[PDB]
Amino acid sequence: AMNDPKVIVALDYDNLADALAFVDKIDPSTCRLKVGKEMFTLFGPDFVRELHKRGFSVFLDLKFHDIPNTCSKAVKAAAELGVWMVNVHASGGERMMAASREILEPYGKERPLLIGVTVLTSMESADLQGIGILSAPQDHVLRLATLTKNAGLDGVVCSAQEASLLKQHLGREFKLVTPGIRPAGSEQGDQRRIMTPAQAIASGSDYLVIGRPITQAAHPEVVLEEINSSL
């Protein structure tokens, strides 16, 4: 029953000082941080180490996708860095995912959570047909999420719409990391067509990745506490 902040703040800064100036405004007890391909390619593991020094848990969002040997060694490198969560493309296949899980076994209970990416949020039918996928996107997402589960991974990134059905098929403990949700207290957070954070969590999301609504706030600390209180 330890502290488990549900909001993961996306850090997508092209400047290190701006990024750290933002982190200075928030508390590690109230959120987690996501470091993606942009900030990692620009600033590397030293940036992640600085976030760790500040006491934050980090989701290293690099979506590794390579042959099993290479993908597993990259995941091992994430474990050497001491990250809380790391992701891989399920499209890399079952053997790639299983090899990545296997290599983390020696890191014990503190090992990174290993999460699969199914179909990127930017992709719709047309984009999928372009890369040779003819099945309906929802069915393909379920295929890839099931592949991840069967490879022994800890969870997947998924939309709020997908969450309940994924828990039903894959288990109550399978971790669901959900992007695209806006604070109810923000502008366009009152819109009904997209789930609020409370609705997303009720639907099965375990974590909510949120970016600009927080990083652009005058008082991101206030926005986080409001999101948190509502969950």
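Residue indices: 1-based, along the sequence shown.
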Practice item. Between 33-41 and 162-170, point out the one with the higher average CA B-factor as the PDB entry records it. Key: 162-170
Practice item. Name the higher of the two by mean Cα B-factor in the PDB entry, 7-15 versus 218-226. Key: 218-226
Exercise for review: Name the one of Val83, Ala98, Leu128, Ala145 with the greatest CA B-factor according to the PDB entry.
Suggested key: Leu128
Review point. Highest Cα B-factor in the deposition, which of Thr178, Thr196, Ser186, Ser203?
Key: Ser186
Check your understanding: Going by what the PDB entry lists, where does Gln191 fall on CA B-factor within its chain: lowest, middle or highest third?
Key -> highest
Practice item. Can you work out whether the C-alpha temperature factor of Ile210 puts it in the lowest, middle or highest third of the chain? Key: middle
Practice item. Pull the Cα B-factor of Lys63 out of the PDB entry and bin it into the chain's lowest, middle or highest third. Key: lowest
Exercise for review: Just say lowest, middle or highest third for the CA B-factor of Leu120 relative to the other modelled residues in its chain.
Suggested key: middle
**Study point:** CA B-factor ranking of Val156, expressed as a third of its chain
**Key:** lowest
